[PDB]
Amino acid sequence: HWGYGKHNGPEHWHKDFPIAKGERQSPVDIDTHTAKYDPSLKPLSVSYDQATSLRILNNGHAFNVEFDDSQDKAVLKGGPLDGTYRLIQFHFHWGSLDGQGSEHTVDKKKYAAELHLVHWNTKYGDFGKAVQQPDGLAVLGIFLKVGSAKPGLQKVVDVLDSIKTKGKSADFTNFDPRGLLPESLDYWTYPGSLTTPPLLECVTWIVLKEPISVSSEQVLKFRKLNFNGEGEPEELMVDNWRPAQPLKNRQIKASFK
Ligand SMILES: COc1cc(/C=C/C(=O)O)ccc1O
Ligand SMILES: [Zn+2]
């Protein structure tokens, strides 16, 4: 099965998922001097006030905080998007060391981690249909750097002990994802893909320019999770990031000058 080890990591994924070498794969390096300001891009609308989180799950690759997406409760609109995209889950990618962990890079710079808030286009009715469409998903990507603690992350950090191993889940209601956002919603945007198999090319990426700061203790707690299941040899869940893929025939646009 695919993962992030030497024998099943990103360089192997193309064998089961040939789209791994496709025309709009993610993540990418964001070359800030080549991205072009697009004054026709509108401000992002992040409407998370009615979000209903449900549960947190260690799926053996990351942990996912899942939301009720059966109504327009937490939605992303505006920016490069047409229509309304519902939040279904968020998850992170992180490193074994603070100098790596993010999937997107900025002028080749790697952040300690990267948060992905995954949303699907409501005109396709459900997430499974949306991932089959070129405009089916919108993923809001937010870089994490190590410095001061992020208070709105702490509730997440403190439940991780209860989902240490693959397949474990826990109730995670009443979590407010607004506490994970930076101050500015300035972003870069480009058409890309899921960054895990099946690597489907259905994502409008919206990557915020401003990172959030988390504490060393917070990220250290991420690194105590396990890729393995309970009663298996411990393999720490670290370095669960896919590296930058070729930009190919794509232009990254910036919402800001
Ligand atoms: C394919 O199943 C799923 C994939 C994702 C996200 C994947 C990614 O961001 O790479 C989220 C929910 C899913 O049910
Ligand atoms: Zn991701």
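So basically every Cβ, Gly included, is an ideal-geometry build from the backbone, and we count neighbours across all protein chains shown. Values quoted throughout were computed directly from the atomic coordinates according to the rules given, and no laboratory measurement underlies them.
Some values worked out for this structure:
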{"quantity": "Matching residues in the range 80-90 - criterion: being buried (at least 22 other Cβ atoms within 10 Å of the Cβ) and within 22 Å of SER255 (Cα to Cα)", "calculated": "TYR85, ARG86, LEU87"}
{"quantity": "Residue within the range 16-26 that is charged (D, E, K, R) and under 19 Å from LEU137 (Cβ atoms) present", "calculated": "yes"}
{"quantity": "Every residue from the range 48-70 that is in contact with a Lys or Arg (Cβ under 8 Å, 6 or more places away or on another chain) and more than 16 Å from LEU137 (Cα to Cα)", "calculated": "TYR48, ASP49, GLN50, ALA51, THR52, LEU57, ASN58, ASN59, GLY60, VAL65"}
{"quantity": "Yes/no for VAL207 being buried (at least 22 other Cβ atoms within 10 Å of the Cβ) and either assigned to a strand (DSSP E or B) or at negative phi (or both)", "calculated": "yes"}
{"quantity": "Residue satisfying condition, being within 16 Å of ligand 1 (Cβ to nearest atom) and surrounded by 23 or more Cβ atoms within 10 Å (Cβ to Cβ), within set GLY136, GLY60, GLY101", "calculated": "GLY101"}
{"quantity": "Exclusive hit being within 16 Å of the chain's Cα centre (by Cα) and more than 18 Å from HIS91 (Cα to Cα), set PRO233, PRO197, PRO191", "calculated": "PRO191"}
{"quantity": "Output for the range 162-183, where each listed residue is surrounded by fewer than 16 Cβ atoms within 10 Å (Cβ to Cβ), touching a residue at least 40 places away in the same chain (Cβ under 8 Å) and assigned to a helix (DSSP H, G or I)", "calculated": "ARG178"}
{"quantity": "Test: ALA113 is within 14 Å of ligand 2 (Cβ to nearest atom), out of contact with any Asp or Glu (no Cβ under 6 Å at 6 or more places or on another chain), over 25 Å from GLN251 (Cβ atoms) and among the small types (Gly, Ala, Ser)", "calculated": "yes"}
{"quantity": "Sole residue being aliphatic (A, V, I, L, M) and more than 18 Å from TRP205 (Cβ to Cβ), chosen from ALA20, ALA74", "calculated": "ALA74"}
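Yes/no matrix, rows are residues, columns are (1) part of a strand (DSSP E or B); (2) out of contact with any strand residue (DSSP E or B) (no Cβ under 9 Å at 6 or more places or on another chain); (3) within 13 Å of ligand 2 (Cβ to nearest atom); (4) among the β-branched types (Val, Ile, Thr):
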site: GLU66; (1), (2), (3), (4): yes, no, no, no
site: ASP72; (1), (2), (3), (4): no, no, no, no
site: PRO80; (1), (2), (3), (4): no, no, no, no
site: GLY83; (1), (2), (3), (4): no, no, no, no
site: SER102; (1), (2), (3), (4): no, no, yes, no
site: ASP135; (1), (2), (3), (4): no, no, no, no
site: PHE143; (1), (2), (3), (4): yes, no, yes, no
site: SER148; (1), (2), (3), (4): no, no, no, no
site: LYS155; (1), (2), (3), (4): no, yes, no, no
